[PDB]
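Two versions of one and the same chain are coming, encoded as structure tokens; call them structure 1 and structure 2.
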Structure 1
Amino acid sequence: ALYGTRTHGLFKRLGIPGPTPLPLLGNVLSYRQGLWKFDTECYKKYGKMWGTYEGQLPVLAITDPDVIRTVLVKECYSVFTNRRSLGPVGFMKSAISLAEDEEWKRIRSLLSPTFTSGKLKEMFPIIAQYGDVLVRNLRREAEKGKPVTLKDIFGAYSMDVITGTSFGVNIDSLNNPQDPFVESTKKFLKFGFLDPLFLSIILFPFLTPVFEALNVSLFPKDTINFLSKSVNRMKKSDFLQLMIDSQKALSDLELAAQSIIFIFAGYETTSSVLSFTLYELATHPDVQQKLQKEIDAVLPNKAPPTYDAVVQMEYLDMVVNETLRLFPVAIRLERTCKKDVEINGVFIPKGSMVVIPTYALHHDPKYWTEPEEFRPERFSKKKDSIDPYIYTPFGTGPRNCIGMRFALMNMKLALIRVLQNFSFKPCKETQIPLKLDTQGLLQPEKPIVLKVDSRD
């Protein structure tokens, strides 16, 4: 059984500290507390650089901004181009989040004109039309005299926007739970929990070819089929339309992968940050009232938002940027060495992983005074510019979040509407302080519920 004790002497030899890996498992057992908790604990114990093992895969965490800049920007195309080892994914191998090396550079180049600020300005009325249904669905829950579970309200809004901006179909997620789009896309929420299949190829990466050969995918095969068949039937009759017009050619299999992955990526994360932003505005009433004072001063008498009004709301941008500091839903940034590389005078083998602990650097007292406190004033345009390698909620470099500007616009349009019409405050069922759960996509331990009062 030559598999278990092959690489577990690397960091010990290189002089890089870290937790003691168990045979076969590595340090994988330490993840059960959540990657956010494991990363902060390692940061406090070892410092600038530590080393863990996902099975037999060596993982080197780095916290020096000069080193982060080299891995995310300088040597991106040359060493650290790909994110994590390929797993059994089927045709989703052409998804932009999975594509590697030259194939990723090509797919990223084709999709880049779709997510420019110019195309976002053209789609602004499309995104904004989903604010009405959000305010309406939130109005009835407010007049019921009962608390509002934010994940159901903004989860439905996030699915509505991401599907409407992808296919042009105006789903009413909250009022049509039995819709096939809603039930299929709902299964994406299981992402973030324990995945034995994903963990099996982590500990035994040689199983990835076997699973592919047996047509086993890390994605919900039923949901991937519904979306792929839905994408095809629509092409006979938008993110989809922008990708059809672009047809270096984007194949039919590749385009179906990008449509699916954009829905997968935008659904829960947008829903999660939107709930975190409202929790902070409720537990900080003066922060909420000041933000309401800004929206009303720019948009008088509940005026419909325009692009220029949304972009020129500074205090709205500060609140969102601070919610993302406290809760970067993608806890960390990961990269793979496509060759033997020397990082900060340390020789790292090919295929090893480099983790930028975003969450740990976001709560570091060395960079943020009172790091556990929601202070939007950190992102005031008068202070010194925040380090782009310490604050990395969307990552940095050629391979950062391609939908960063879209997600920020999608959330702000929602925040402006709900604040134009409602105020938010806690109640007996609200957890203070907020306890994060162990899920790999940041979620609270108990669902956020807030009292929603209309301003009229």
Structure 2
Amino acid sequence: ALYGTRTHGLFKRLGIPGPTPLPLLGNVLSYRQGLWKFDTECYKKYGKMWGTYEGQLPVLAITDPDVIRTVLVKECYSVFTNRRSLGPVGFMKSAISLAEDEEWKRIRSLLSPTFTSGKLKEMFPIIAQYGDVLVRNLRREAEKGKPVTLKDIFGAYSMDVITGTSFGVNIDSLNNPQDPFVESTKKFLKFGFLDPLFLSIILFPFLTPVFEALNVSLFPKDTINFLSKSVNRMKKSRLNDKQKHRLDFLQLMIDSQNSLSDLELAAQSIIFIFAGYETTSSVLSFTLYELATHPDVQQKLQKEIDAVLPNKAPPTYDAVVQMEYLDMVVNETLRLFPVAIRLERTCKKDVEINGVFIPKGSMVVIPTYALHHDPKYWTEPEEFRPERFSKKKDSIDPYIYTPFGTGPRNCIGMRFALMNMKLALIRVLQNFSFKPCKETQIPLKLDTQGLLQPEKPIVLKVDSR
């Protein structure tokens, strides 16, 4: 009867193991140690499948590849079409990721042409120009002999490529410390699942219509207002530029208007900036950390770069995407550090998952981090071994290794993100070597809040070649 406990007997009734939930809270306060940690410990303790509660919301975690393939691929359109229902977001409900069902299919179908093979190849010289700025700014920090905080300069690179390619504007995050775009992303859900507003929605989902009527949002009003005005400024500039320009992300949405509302257009732009910034920055920083602590891998990778691009030859799109050892290094980094930590799907109706009848509205979790570190699938899972992804080896199971997800709801900017990071890695490894200093944290400790990120900022010594 009590509102805090109505569903907390479900998994016990179904014979599904899991940690005993607390009234009102469920198991959500166990997230405070980091979702990567909670999922791993539930996996090791309960096995192939376990259940938890976010407030009263039942959460079923699955690790079997075939069950994962059923949820993410086979029954996506019919059952598992959307992820969680976030809460009060305002107009950001129309963002491609947060849109649901047929509205999501339409928006994704409209935006997907942004990342065709031709469009990725077309925008590659824009990314290469920022790569030149990256090497030069990095040499400036290197030649003082002092260690380099990677997220400063690679965050600026990550924000520059997503801004220059999508909106056709060079905001020059790399050369303008105090970048309003970078700082606007910082306020969003700092405390993660310990965020008071987000936690109140988890405990009391019926508060969402109340907060929507009050224009309260999980997104910071300041961030939303700055990015919307920025998008609208670049938009008006594009309509007045009596000159040539790419058919880019911004133009694609402008074309949809002249035949997508002003708010919907802002929502897509805001999501692309959020999804593209911290992800690309973190993975680049994780990769260089692993290369600095594995100098044999760093040397071998530099040898492939010099063989394919002799005499510091500028990379081409084809060169970037076809360097085998570079691909394995990036894949192995994403195995160790899948920054989204897990995949989530909502049951839009009752469904039987692996002989288990799960009610409508429940959440299914694919614990990407736990599966990436599972010794059942990877020998010595904590070790950084790019040779795991050798083309000569057996094919990697696409439902165990899910750093970008799988199925119709997977990462739409996967190839774009892989091109950005590989371009940056080639250019800096053509010019520099990376090694740890006294200020480097070895081994790397993970934060407990939000995205998979280091507890302390990664700092490395950078020497010229």
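Each residue is numbered by where it sits in the sequence of structure 1, with counting from 1. Throughout, rigid core stands for the largest set of C-alpha atoms superposing within 1.5 Å between the two forms.
Student: State which of the options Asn82, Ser184, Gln288, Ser352 undergoes a Cα shift of 2 Å or more between structures 1 and 2, taking the core as fixed.
Tutor: With the rigid core superposed, the residue that stands out is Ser184.
Student: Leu194: CA shift of at least 2 Å between structures 1 and 2 after core fit?
Tutor: Yes; that C-alpha moves by at least 2 Å between structures 1 and 2.
Student: For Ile171, what C-alpha shift in Å results between structures 1 and 2 following superposition on the rigid core?
Tutor: A shift of 2.3 Å.
Student: Fit the two forms on their core, then tell me the C-alpha shift of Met159 between structures 1 and 2 in angstrom.
Tutor: Displacement of the alpha carbon, after core fit: 1.1 Å.
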